[PDB]
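In what follows, chains are A, B, ... by sequence order, proteins preceding strands, each numbered from 1. For ligands, and for the atoms within them, numbers begin at 1 and follow the listed sequence. Values reported hereafter were calculated over all heavy atoms of this structure, with side chains retained and with hydrogens, waters and symmetry mates removed.
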2 protein chains.
Amino acid sequence: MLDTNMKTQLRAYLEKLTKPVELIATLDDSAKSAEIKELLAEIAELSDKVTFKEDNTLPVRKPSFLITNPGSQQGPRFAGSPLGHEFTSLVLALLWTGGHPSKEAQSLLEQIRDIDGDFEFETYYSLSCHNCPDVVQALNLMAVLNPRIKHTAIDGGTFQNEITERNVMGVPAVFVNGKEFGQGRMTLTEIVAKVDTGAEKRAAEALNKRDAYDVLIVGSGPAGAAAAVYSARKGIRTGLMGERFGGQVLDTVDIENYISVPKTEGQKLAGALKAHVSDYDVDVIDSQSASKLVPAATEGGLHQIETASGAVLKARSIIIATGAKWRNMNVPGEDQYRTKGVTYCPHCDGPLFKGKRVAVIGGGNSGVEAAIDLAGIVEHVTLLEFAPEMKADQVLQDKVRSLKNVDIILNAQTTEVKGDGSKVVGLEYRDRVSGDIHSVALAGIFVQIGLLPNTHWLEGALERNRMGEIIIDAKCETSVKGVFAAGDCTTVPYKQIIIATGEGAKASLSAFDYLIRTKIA
Amino acid sequence: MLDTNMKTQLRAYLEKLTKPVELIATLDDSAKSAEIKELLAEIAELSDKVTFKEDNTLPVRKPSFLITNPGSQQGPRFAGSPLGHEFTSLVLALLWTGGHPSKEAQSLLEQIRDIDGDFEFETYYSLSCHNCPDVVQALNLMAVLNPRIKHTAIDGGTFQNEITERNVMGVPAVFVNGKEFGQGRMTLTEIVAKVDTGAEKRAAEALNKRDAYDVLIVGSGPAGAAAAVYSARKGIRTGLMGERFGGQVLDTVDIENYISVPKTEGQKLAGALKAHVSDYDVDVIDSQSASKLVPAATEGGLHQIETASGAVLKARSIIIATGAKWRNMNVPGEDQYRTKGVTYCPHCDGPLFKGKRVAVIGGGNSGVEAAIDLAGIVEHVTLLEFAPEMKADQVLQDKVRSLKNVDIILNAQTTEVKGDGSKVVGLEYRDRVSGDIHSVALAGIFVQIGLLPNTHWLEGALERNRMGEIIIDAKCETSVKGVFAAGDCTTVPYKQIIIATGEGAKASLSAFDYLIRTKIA
Ligand SMILES: Cc1cc2nc3c(=O)[nH]c(=O)nc-3n(C[C@H](O)[C@H](O)[C@H](O)COP(=O)(O)OP(=O)(O)OC[C@H]3O[C@@H](n4cnc5c(N)ncnc54)[C@H](O)[C@@H]3O)c2cc1C
Ligand SMILES: Cc1cc2nc3c(=O)[nH]c(=O)nc-3n(C[C@H](O)[C@H](O)[C@H](O)COP(=O)(O)OP(=O)(O)OC[C@H]3O[C@@H](n4cnc5c(N)ncnc54)[C@H](O)[C@@H]3O)c2cc1C
Ligand SMILES: [Cl-]
Ligand SMILES: [Cl-]
């Protein structure tokens, strides 16, 4: 059943709905059906914009419910329990249906809304499974975005019978129009690339007719832009493809460590990178997502990059510069206070809180070192570690535990970020041991949870470490000849703009060397 | 005896004398004395500003000659033959005496002119020795700069007797005021550091009383400036010492690959780096040369940096960022056409010569790849390799030998760069096999001979590769705990401004990590 903290979190999330949401259930006399009925009734009382209706006559699984807006039959459907690890999947399905935007690439969202064709997806999950959430969330978002795409996420614990009849060997297990589609972790980009394989739009057909490149750079944040300038300066045929030019820089509000520029803005630096790239002959391709790398069958041959849009670009050398997603706490309040107290930048804004109190989320070496540094300039620091013991090396723990102005909370998970509409003013978190919720007043929150390199699409194609970073050497060479990598998606120790531009340059020079050594004279 | 090409080169060099030079010989009846007499008479006929006088009554070795200006007794003295590998040492002694400036650090020159005290140096060399030239040249420059410093460079082939009486075991062998001073390769900085050890000036005594730093950065070109910004942003006590702020950037005229800046000037970028560093609390120390690194005796202890001026700075961590000297052809015309056709930049100015002819000096992988690239955009390329066979990998040779617009000259050494007062117009070089001199008309010369990392002062203290580059890993860690390195003085594969600033940042973050792990709480 929903426990007290899930109800508290859900209420906070739902205050944000801008459009009404209706939960339509189809139930039978089973015990599980009674749990679902009680669950939906409990969710509906948390918000004025959410209502519960039941129609036991519909030709759908029992129990199951549709998440939609009044007056429509559009939306994802959950068959069985949507709690456990799918709680966040349920929260997102409610918020997106209620008008909340997705954080996915805008070009990807647009391609999903334009998908032609009918696709009925079904995904089997288990409440304890850790990789099902991403898959369920990706397909639910597609169903919210395009009425021609249906999705029913099925709880394997409730429809145990189906899992044996259909040979499901592991979760998450996805079927589309009756046939196996995929198993295991999958990103929205990879799902879209696999399903929208028909006559591609104008953009795709055009890309398919481009001549092969001497170097194609994938991703256009600072590392890729830097590579593009260096390559074009050598006069070779250069392609730079990416989702949106500028990478993380574009949305950054204040930057004070891009060497030689005391202070600039994300939009202006991104614009300057664009102007530097436009000073040369570079084919800049925007609004495209690379979905697959197919290595050259021979030395001096061509590598291929497939895109989500269905096109295939080809080149003599490749530079991967897709960056990384920066992990969130995923709690109510976080998005709203995104530029008003919640800080994700790895090495900035500390002097901003001199004389104030802050928190650091994460107890690994970076988290503990971030606390030690902040302790030197802020009035106070609260550090929250999810595990029962800090993960940092011993020597760091010993030093952080000797600082009077720092408090270490173990076995804790943030449950909410509080504000007054203008700035952050506190956070609430939960003691994993006892379930109790505690509050703490503060002006800043430094999230230092981790990074998620945008490299899943390269799985099995280039060697990566356990965290997903592409392994490179000093020359930015990968495990595949002619393929290089630069920036935050690689094993480079620190993630900064000036570091990424320097890596992009190195990768471009290595690719140039590789080209002269292998290109036919 | 002087051969025809040495006479040709010397005549070209001496056209540049601005002040008259007098060669004063003291000779005996020996055969070697007759050679010296003929040599000096031959040099004096090559220039209106050079005269030969002999005074066999002076209390100096026979044969020997003083290189000075009329009316003075100041200058270096050569005892025996000044030819063979000392030819360039003789050329420099003539030019400096004739008013030509040294390319050494200005602060170093100033310290030499201010040396108090009398020092009579003697250096034994052999005509075939390869490391004697630098030592002889360093001491000769000191004697030209300060009358209280005398130097007599002695040809061991002529004074064979002395070499056995004084136990000389190898050359170069230096004595000062009668006592052994040093043996082996030595730089001017290291010689000055060892001889000027008295009551240091005001600057030094002041430096000695500075508190220990949390990080001291040695060298203030782009890598060191970047490190300084990153360190100060962490709020630690940061010192940045260097000879002259800006490093190679300061004298660069046009820069078009500093990412995000389509085009700027060396003076302006250097100024911007200075402004970024001044936005924080960094103790910037100029006009100082590090001469020795003394590693901390214990973890968490202090490393020491000794300076040529006699001071000792100390710090918990050190970042070495001293860059590299870029090798020259060392021929008449080169200096004068420094910014007018002769290009040393590793990856710039190629499109500048579209439709024109150029040369590339150097046949290693960089030289051959530079030729292949230029061949794509210039009308013609002549590549000169000193050795009898290109050193580049086979695959590169095969490709460069298939390009019709490129000519490869093996067994060659440039002897002169020609111009019309405004721009380069050609070069002459010599065929090592036959001695013949050839000319070639052209508008550009790309020198790609090699780099000389400014790391000799670190010999034996940090591990370096055969070329003198400090070995580092991805985190910029060296072979000594708490000492990091960044930029052109390290093993980083490519030497560029944007690459160096990114490395400086990495090194600063690694030093910060090291500091939190070892500094007492
Ligand atoms: C909120 C915030 C503030 C920050 N502030 C600073 C700061 O002040 N100073 C600083 O130095 N650093 C800062 N950083 C870190 C800095 O932004 C990164 O280190 C830098 O942007 C990394 O550059 P990059 O080129 O490697 O990758 P990114 O900038 O991530 O760019 C990669 C690009 O590739 C795109 N892409 C991803 N996958 C694909 C695919 N499959 N196909 C095609 N394109 C794809 C991405 O969408 C993106 O546009 C900040 C980071 C954050 C999150
Ligand atoms: C003529 C020319 C043009 C160039 N043009 C470009 C270009 O357009 N774009 C580009 O990207 N790159 C260019 N480069 C290369 C670029 O300048 C270098 O890669 C860059 O300056 C390296 O920075 P650095 O900080 O490592 O070292 P450097 O700039 O060399 O600076 C090291 C500093 O340390 C000082 N120092 C040395 N020894 C000591 C000591 N013992 N104690 C104290 N201080 C010391 C040096 O004198 C110097 O000031 C050019 C190079 C040359 C020679
Ligand atoms: Cl940052
Ligand atoms: Cl360059």
**Prompt:** Checking salt bridge (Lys or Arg N to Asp or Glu O under 4.0 Å) for the pair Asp279(B)/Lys263(A): CA distance, chi angles, key distance, verdict?
**Reply:** CA-CA 10 Å; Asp279(B) 198 29; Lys263(A) 195 177 190 167; over 6 Å; no
**Message:** side-chain contact (heavy atoms from CB on, under 4.5 Å) for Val447(A) and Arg327(A)? Distances and angles first, verdict last.
**Reply:** CA-CA 8 Å; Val447(A) 181; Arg327(A) 299 177 65 195; over 6 Å; no
**Request:** Give a yes or no on this: more than 12 heavy atoms of other residues, nucleotides or ligands lie within 6.0 Å of atom CD of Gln267(B).
**Result:** no
Which residue and heavy atom of the protein sit nearest [atom], plus the separation:
atom: atom 12 (N) of ligand 1; answer: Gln496(A) NE2, 3.4 Å
atom: atom 30 (O) of ligand 2; answer: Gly323(B) CA, 3.5 Å
atom: atom 14 (N) of ligand 1; answer: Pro346(A) CD, 4.1 Å
atom: atom 29 (O) of ligand 1; answer: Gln248(A) N, 2.9 Å
atom: atom 47 (O) of ligand 1; answer: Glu243(A) OE1, 3.0 Å
atom: atom 37 (C) of ligand 1; answer: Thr322(A) O, 3.1 Å

Looking only at non-hydrogen atoms, which of [options] approaches [atom] most closely?
atom: atom 40 (C) of ligand 1; options: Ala105(A), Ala290(A), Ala227(A); answer: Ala290(A)
atom: atom 4 (C) of ligand 2; options: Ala324(B), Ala486(B), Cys345(B); answer: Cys345(B)
atom: atom 7 (C) of ligand 2; options: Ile305(B), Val492(B), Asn257(B); answer: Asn257(B)

Check each atom of ligand 1 against the heavy atoms of [X] and keep those under 4.0 Å away; list them by number with element.
X: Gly247(A); result: 29 (O), 31 (O), 48 (C), 49 (O)
X: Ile497(A); result: 9 (N), 10 (C), 11 (O), 12 (N), 16 (C), 19 (O)
X: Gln288(A); result: 43 (C)
X: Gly221(A); result: 25 (O), 29 (O), 31 (O), 33 (C)
X: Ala223(A); result: 25 (O), 26 (O)
X: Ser289(A); result: 42 (N), 43 (C)
X: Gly487(A); result: 26 (O)
X: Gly219(A); result: 34 (O), 44 (N)

**Message:** One pair to check against side-chain hydrogen bond (donor to acceptor under 3.5 Å, both in side chains): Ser309(B) and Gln288(B). What are the steps and the verdict?
**Reply:** CA-CA 7 Å; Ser309(B) 70; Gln288(B) 292 299 330; 2.7 Å; yes
Looking only at distances, can you tell me whether any N or O atom of [X], backbone or side chain, sits closer than 3.5 Å to an N or O atom of ligand 2?
X: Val218(B); result: no
X: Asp488(B); result: yes
X: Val249(B); result: no
X: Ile255(B); result: no
X: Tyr344(B); result: no

**Message:** At under 4.0 Å between heavy atoms, is it the side chain or the backbone of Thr252(B) that contacts ligand 2, or both, or neither?
**Reply:** side chain
**Request:** Check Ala321(B) against ligand 2 and report side chain, backbone, both or neither, counting heavy atoms closer than 4.0 Å.
**Result:** backbone
Looking at [atom1] of [X] and [atom2] of [Y], how far apart are the two atoms once the value is rounded to the nearest 0.5 Å?
X: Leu509(A); Y: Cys476(A); atom1: CG; atom2: SG; result: 9.5 Å
X: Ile499(A); Y: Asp488(A); atom1: CD1; atom2: CG; result: 8.5 Å
X: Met241(A); Y: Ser287(A); atom1: CE; atom2: OG; result: 10.0 Å
X: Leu109(B); Y: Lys103(B); atom1: CG; atom2: NZ; result: 11.5 Å
X: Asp254(B); Y: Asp349(B); atom1: CG; atom2: CG; result: 7.0 Å

**Asked** Can you name the nearest heavy-atom pair linking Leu188(B) to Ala138(B), along with the distance?
**Response** CD1-O, 3.7 Å
**Asked** For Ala225(B) and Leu240(B), which heavy atoms make the closest approach, and how far apart are they?
**Response** CA-CD2, 4.3 Å
Per-residue contact class, [X] against ligand 1 - non-hydrogen pairs under 4.0 Å:
X: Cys489(A); answer: neither
X: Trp457(A); answer: side chain
X: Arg244(A); answer: backbone
X: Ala500(A); answer: side chain
X: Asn454(A); answer: side chain

Hey, is [X] close enough to [Y] for a salt bridge, meaning N to O under 4.0 Å?
X: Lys506(B); Y: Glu503(A); result: yes
X: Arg244(A); Y: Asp251(A); result: yes
X: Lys495(B); Y: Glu469(B); result: yes

**Asked** Can you list the steps and then say if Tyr258(A) with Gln496(A) is a side-chain hydrogen bond (donor to acceptor under 3.5 Å, both in side chains)?
**Response** CA-CA 9 Å; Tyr258(A) 189 77; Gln496(A) 293 286 273; over 6 Å; no
**Request:** Using the side-chain hydrogen bond (donor to acceptor under 3.5 Å, both in side chains) rule, take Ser508(A) and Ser231(A) through it: C-alpha gap first, then chi angles, then the decisive distance, then the call.
**Result:** CA-CA 6 Å; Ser508(A) 170; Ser231(A) 289; 2.8 Å; yes
**Asked** Can the ring centroids of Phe353(B) and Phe446(B) be said to lie less than 6.0 angstrom from one another?
**Response** yes
**Prompt:** Under 4.0 Å from atom 10 (C) of ligand 1, is there any protein heavy atom?
**Reply:** yes
**Prompt:** Within the structure, does at least one protein heavy atom fall under 4.0 Å of atom 53 (C) of ligand 2?
**Reply:** yes
**Message:** Do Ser291(A) and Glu306(A) pair up side chain to side chain, a donor and an acceptor below 3.5 Å, judged on atom types alone?
**Reply:** no
